[PDB]
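**Q** Take a look and give me a structure for this.
(one chain, ligands or ions: 3)
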Amino acid sequence: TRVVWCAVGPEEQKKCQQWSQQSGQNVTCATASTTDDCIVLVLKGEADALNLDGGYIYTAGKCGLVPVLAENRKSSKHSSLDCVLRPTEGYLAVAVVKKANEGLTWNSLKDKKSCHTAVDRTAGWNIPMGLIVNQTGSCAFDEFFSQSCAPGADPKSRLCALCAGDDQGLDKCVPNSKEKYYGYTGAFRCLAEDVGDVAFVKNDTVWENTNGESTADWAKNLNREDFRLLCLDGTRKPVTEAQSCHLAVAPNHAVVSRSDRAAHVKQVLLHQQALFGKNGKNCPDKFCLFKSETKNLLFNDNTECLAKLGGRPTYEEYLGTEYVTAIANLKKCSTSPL
Ligand SMILES: *[C@@H]1O[C@H](CO)[C@@H](O[C@@H]2O[C@H](CO)[C@@H](O[C@@H]3O[C@H](CO[C@H]4O[C@H](CO)[C@@H](O)[C@H](O)[C@@H]4O)[C@@H](O)[C@H](O[C@H]4O[C@H](CO)[C@@H](O)[C@H](O)[C@@H]4O[C@H]4O[C@H](CO)[C@@H](O)[C@H](O)[C@@H]4O)[C@@H]3O)[C@H](O)[C@H]2NC(C)=O)[C@H](O)[C@H]1NC(C)=O
Ligand SMILES: *[C@@H]1O[C@H](CO)[C@@H](O[C@@H]2O[C@H](CO)[C@@H](O[C@@H]3O[C@H](CO[C@H]4O[C@H](CO)[C@@H](O)[C@H](O)[C@@H]4O)[C@@H](O)[C@H](O[C@H]4O[C@H](CO)[C@@H](O)[C@H](O)[C@@H]4O)[C@@H]3O)[C@H](O)[C@H]2NC(C)=O)[C@H](O)[C@H]1NC(C)=O
Ligand SMILES: *[C@@H]1O[C@H](CO)[C@@H](O)[C@H](O)[C@H]1NC(C)=O
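**A** Numbering: from 1, shown residues only. Ligands and ions are numbered 1, 2, ... in the order given. Below is the structure:
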């Protein structure tokens, strides 16, 4: 009858108990120091469910766990209305260049300068690098691009050679705002200021930093008219073509559980969201399920809704094939010595 949520960390736990109070014991709590550990608890059946990102889903899918509800995020386009009925699409990981540099295509990237949001980031790293392994067949992506700015790698690396830090020699290649070329924005600036030949960002990154949308000096005089997406065809389409010229769709996070206790979770959550969701009965009142004393506890903070999925998809399908191609190959290069 009860659903046991698994909290990764002492603060998720703190929230999970409030949830349990308000829910009048309909949702109780397990907890673990790691996510992989919470996954396990779901397998062992010591905990029922928890929300996971593209990558953890895979992990858990492979261990035979199942997506249940996606986590839809507030957006520019999303109707925002009756979102519970289906998932929204989620970021389009795109490769971006300037129109100038004609030679550049998804095929001719070897030994170019690269700009990454940060290491281990989905659109900035996992997706693009994952699909380059698919090309090269090899795992030596550390040495694919001549030099790069990938915040979070070793400052000594060539993967950090392009990163600028605070421009006073400090905080080179760190995954913070302190690193000049960090983030979607920073990777895009990395491109704009001709430090790098390709930037791996998302659709909007381009738009929201062109044609007046950004007041930053490097951004003032930037026209979408001057940048191209790279498609997997090796075709260079305009910036407006993200929809059919992306690398992959960043997966929406997803609530996950065993099939044997899948539809129960589903049924129990939709109610808890009605009580505690963005505009549920008791949200401004007793407990908001998508607000966090810290940030992103149990659920990302900017969660519109948990969404009924489209039938009964396997993780392979829920994640999209492009993404798995990637995470797979980075999971093969990962765990290389067996
Ligand atoms: C790739 O990335 C880009 C960048 O994010 C993205 O473009 C954005 O698309 C959205 C949706 O098409 C645009 O949103 C609309 O913007 C207007 C206001 O526009 C101005 O102000 C913004 C900044 O605040 C500027 O960026 C923009 O250039 C304009 O100057 C809003 O009024 C719209 O509101 C609607 O939001 C929802 C949209 O589905 C709905 O809730 C509803 O339609 C809202 O509006 C209206 O509906 C009522 C019924 O018709 C009507 O009666 C009401 O009066 C009301 O008008 C909406 O937010 C956004 O501006 C774009 N941003 C940029 C920078 O271009 C692409 O969509 C994305 N595409 C791909 C390829 O993935
Ligand atoms: C934790 O999970 C439990 C179990 O799912 C939730 O319990 C439900 O709580 C609601 C509200 O307290 C219950 O709903 C109401 O029950 C009334 C009487 O109960 C009988 O009839 C309903 C069906 O009508 C049966 O489901 C139930 O077993 C009983 O036989 C009903 O009269 C109400 O329905 C009528 O009036 C409303 C309002 O006008 C109409 O909208 C309806 O169409 C209908 O005419 C209503 O169903 C519900 O039955 C409970 N389930 C149980 C115990 O079986 C907890 O809410 C949840 N807790 C939290 C905080 O998350
Ligand atoms: C690379 O990616 C595409 C799309 O995932 C796939 O169809 C193709 O066969 C892959 N190539 C190799 C050699 O795996």
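**Q** Show residues contacting the helix or strand where residue 70 lies.
**A** Element membership for residue 70 (DSSP states H and E) is strand 66-73. Contacts to strand 66-73, defined as Cβ atoms under 8 Å, 6 or more residues apart in numbering, come from residues 49, 51, 57, 61, 78, 83, 87-88, 90, 252-259, 262, 265-266, 269-270, 299-300, 302-309, 313-315, 318. (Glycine included, C-beta is placed from N, CA and C.)
**Q** Put the buried members of these into a ChimeraX selection.
**A** Here is the ChimeraX command that selects the buried residues among the contacts of strand 66-73 (16 or more other Cβ atoms under 10 Å):
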select :49,51,57,61,83,87,88,90,252,253,254,255,256,257,258,262,265,266,269,270,299,300,303,304,305,306,307,308,309,315,318
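**Q** and the contacts of strand 66-73, which of them are in helices?
**A** Mapping these onto helices (DSSP state H) picks out 57, 61, 262, 265-266, 269-270, 315, 318.
**Q** Output those in CSV, with distance to ligand 2 appended to each entry.
**A** Below are the ones in helices among the contacts of strand 66-73 laid out as CSV (distance: Cβ to the nearest ligand atom, whole Å):
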residue, distance to ligand 2
57, 26
61, 29
262, 17
265, 13
266, 13
269, 10
270, 11
315, 28
318, 27
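**Q** Tell me which two in these are the farthest apart.
**A** 61 and 270 (22.1 Å; Cβ to Cβ).
**Q** which residue is nearest the middle of this structure?
**A** Closest residue to the average C-alpha location of the chain: residue 122 at 4.7 Å, with Cα atoms, centre = their mean.
**Q** Inside strands: which ones of the contacts of strand 66-73?
**A** The members of these that map onto strands under DSSP state E are 51, 254-257, 303-308.
**Q** Show me which residues of the stretch 201-338 of the chain are close to ligand 3?
**A** Contact residues (Cβ under 6 Å from any ligand atom) of the stretch 201-338 of the chain with ligand 3: 321-322, 325.
**Q** Out of the residues you listed, flag the one nearest to residue 279.
**A** Distances from residue 279 to these, taken as Cβ to Cβ, are shortest for residue 322 (33.4 Å).
**Q** isn't the closest one right next to residue 247, touching?
**A** Yes. Using Cβ atoms under 8 Å, residue 322 is in contact with residue 247, at 6.7 Å.
**Q** who has more neighbours, the two?
**A** Counted by other Cβ atoms under 10 Å, residue 322 and residue 247 do not tie: residue 247 has more neighbours, with 24 against 17.
**Q** Wait, that one touches residue 109, no?
**A** No. Using Cβ under 8 Å, residue 247 and residue 109 do not qualify as a contacting pair, with a distance of 11.8 Å.
**Q** joint contacts of residue 322 and residue 247?
**A** 127, 131.
**Q** Would you map the helices across the protein?
**A** 10-22, 35-44, 54-62, 127-136, 183-192, 203-207, 262-276, 315-319, 321-333.
**Q** outside of the last one, which residues touch it?
**A** Applying Cβ under 8 Å, 6+ apart, the contact partners of helix 321-333 are 54-55, 58, 126-131, 133-134, 139, 141, 247-251, 316, 319.
**Q** please redo it, this time with the cut-off set to 6 Å
**A** Residues from elsewhere that reach helix 321-333 (Cβ atoms under 6 Å, 6 or more residues apart in numbering): 55, 58, 126-127, 130-131, 133-134, 139, 248, 251, 316.
**Q** Any of these buried? List them.
**A** Here, 16+ other Cβ under 10 Å leaves 55, 58, 126-127, 130-131, 133, 248, 251 buried among these.
**Q** for these, which one is nearest residue 154?
**A** residue 126 (18.4 Å).
**Q** what's the closest non-adjacent residue to residue 11?
**A** residue 294 (5.3 Å; Cβ to Cβ, 6 or more residues apart in numbering).
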